[PDB]
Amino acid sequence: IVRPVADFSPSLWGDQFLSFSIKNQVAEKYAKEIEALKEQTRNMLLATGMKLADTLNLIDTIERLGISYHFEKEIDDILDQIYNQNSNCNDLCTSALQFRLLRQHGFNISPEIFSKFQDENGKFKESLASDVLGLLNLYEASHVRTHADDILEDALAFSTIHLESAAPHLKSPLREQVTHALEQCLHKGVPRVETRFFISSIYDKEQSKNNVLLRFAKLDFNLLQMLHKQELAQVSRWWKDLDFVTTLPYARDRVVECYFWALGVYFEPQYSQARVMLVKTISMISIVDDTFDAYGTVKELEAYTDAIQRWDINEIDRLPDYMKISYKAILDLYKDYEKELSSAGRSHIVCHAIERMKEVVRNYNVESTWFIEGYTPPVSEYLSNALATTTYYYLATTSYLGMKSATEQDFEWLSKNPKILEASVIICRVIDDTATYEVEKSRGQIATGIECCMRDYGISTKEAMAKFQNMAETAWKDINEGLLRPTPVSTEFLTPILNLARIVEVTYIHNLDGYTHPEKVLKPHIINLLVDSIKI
C-alpha cells in the first residue's frame, strides 16, 4: 500500500511548553493584591449617582480589560436596571454602547433606539460622520444584530467608511483602536486575544486610564496565564507520552494550537478541568481526521469506522497496526474521562460526547466514499453530512464534560441540535469551505462545499463564495438571537458555542487555514497568550 506524501509542517514549538514551574511567591503576591483591587473595582461599579454614559463606559472597560468575569452579578444587576428604565435620550456613542452591552448580555433592547440617528430612509444621518466615538461604537454594535434588526442594515457600511476616512488623523491610542476594530470587531473576537490587545496596546497608552483598573487587569491576565501555562505543560506531557509525533507521523502535530482553541472556548480558572479535557478531544479527533484524509485506504477506513461504532477493545485486531494505536488511545481517553468525573458522580455524561464522536467518524467515512466514487452531492445532501465533520457538534458536547454545573437536561438540549449550535456549526462549515476551496480543488476533491454549491445552483465560484458568506451572516444573526432571554439553558452553556464561532472567525481570518498553517495567524496569538507576560 503506497500511502500519500506527508506534507504537514512540524510543530513550530518544540518542547518550550513541556515544563513550566509556577513561581508560587509571585502567584500569591499577585492574588493578594488582586483581592484588594477587586474590591476597589466592585465599589466603582456599585457607586451611586453615576451617569448612564459613565456607567456603560466603566462596564465596557472592565469587560475589555478581561476582568468582568469577577463581576457577573454586579454587571447583570446594572444592565438589567438600564434595560428596564427605557430612558431613550442620548447621543450616538452612548446609545450604540447601551445597545451592544445589553444585547451581548441577552437583554432584548429595541433597535428603535437608533431611529433618531436616521433619516426617513433608515439610512444613518450623514451629519454623524464627524463623530468618531459614535461611529466606533455603532460599528461594534452593528455586529450584534439579529434577524429583527434590519433597521441596523446600513450601520456596518456607514460606520466603516467614515472610520476608515477618519483613522489616519486620529490621536493615539484611539487611531490604533479604530484600526484594530476595522480588522477585528470585538463581538466576533476571541476574548483573551482582544483582552491582550486592549490592555497592552490601548488602555495602557490612554492618558485618561484608571490606574486601579489597568493594574488589576495586568495582574489578573498574568496570573491566569500562569494557570494556562501549567495546563498546557500538563497537556504537552500527555501528548508527548502518546508519541503520535513519531508513531503516527502522517498526522498534524498541533496540540498547542488545540490548546489555544480550548482557551478560546473558556479562559476562566473554574473551567480548568473542562479546558484540559476539551483539548485532548480536539487533539485526538484531529488525528482521526488526518487518518481519513491523508493516509488510510478505503478498506482500512471502513474497518476503522465500524470499530468506532462498536466501541470495544475487542475490535483492535480487525485493524492495521497504525490504526490500533489511535483506536486504543481513543478508548483510553474516554475511560480517563469517566474516572476523572467519578468523584463528582458525573461519569455517565461521557456517553454524550462518545455518540457525537461516532457521528463525526460515520460522516468522515461518507466523505471518503464520496471522494473515491467522485460523487458531487447536491448542497442539501452535502450539508447533511459535512456539518458534523466540522466536529463542532462534538466539540460543543465535549466542552460541557468538565463544566461542573452541566446537567443531563443541558446535554439533552444540546443533543437536539438547537439553533444556536446549528449556527455555530454552519459558520465553521462555510468559512472552512471558502478558505480551503482552491487547495482541495487541486487535491482532487470534487465534493467540496463550494464545488457542490456551484454544480447544484449552476453559478460561478464567485457567486458560490457569496452565498456561503450569506449563510455565515444568517448564522451570526441566529447566534445573536440565541443569546436573548429567556434562554433555553443557562447562559454559561451558550457562551462556549458562541466562542466556538469566534474561534472560526479568528482562525480563518483573511481566508487561510491557521490550524494547518499556524505561523501567520495562530502563532502571534499563542505567543501573546501563553509565552509573553504583559509587562507591568
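Numbers follow the displayed sequence, beginning with 1. Only the largest set of C-alpha atoms that superpose within 1.5 Å between the two forms is called the rigid core.
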ask   = Is the larger C-alpha RMS shift in 6 other deposited structures of this protein, relative to this form with the rigid core superposed, found in 286 to 294 or in 82 to 90?
value = 82 to 90
remark   = After core superposition, the stretch with larger RMS C-alpha deviation in 6 other deposited structures of this protein, comparing 439 to 447 and 197 to 205, is 439 to 447
request  = Pick between 188 to 196 and 367 to 375: the one whose mean CA B-factor in the entry is higher.
outcome  = 367 to 375
inquiry  = Can you tell me whether 502 to 510 has a higher mean C-alpha B factor than 22 to 30 in this record, or the other way round?
reply    = 22 to 30
query = Looking at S442, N137, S110, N385, which has the highest CA B-factor as recorded?
reply = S442
ask   = Looking at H105, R455, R429, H147, which has the highest CA B-factor as recorded?
value = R455
query = Sorting the chain's CA B-factors, does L12 end up in the lowest, middle or highest third?
reply = highest
task = Using the B-factors in the PDB entry, rank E176's C-alpha atom against the chain and give the third, lowest, middle or highest.
result = lowest
task = Among all modelled residues of this chain, ranked by Cα B factor, put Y393 in the bottom, middle or top third, i.e. lowest, middle or highest.
result = lowest
remark   = For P249, the third of its chain by CA B-factor is the highest
remark   = In terms of its chain's C-alpha B-factors, the third that includes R100 is the lowest
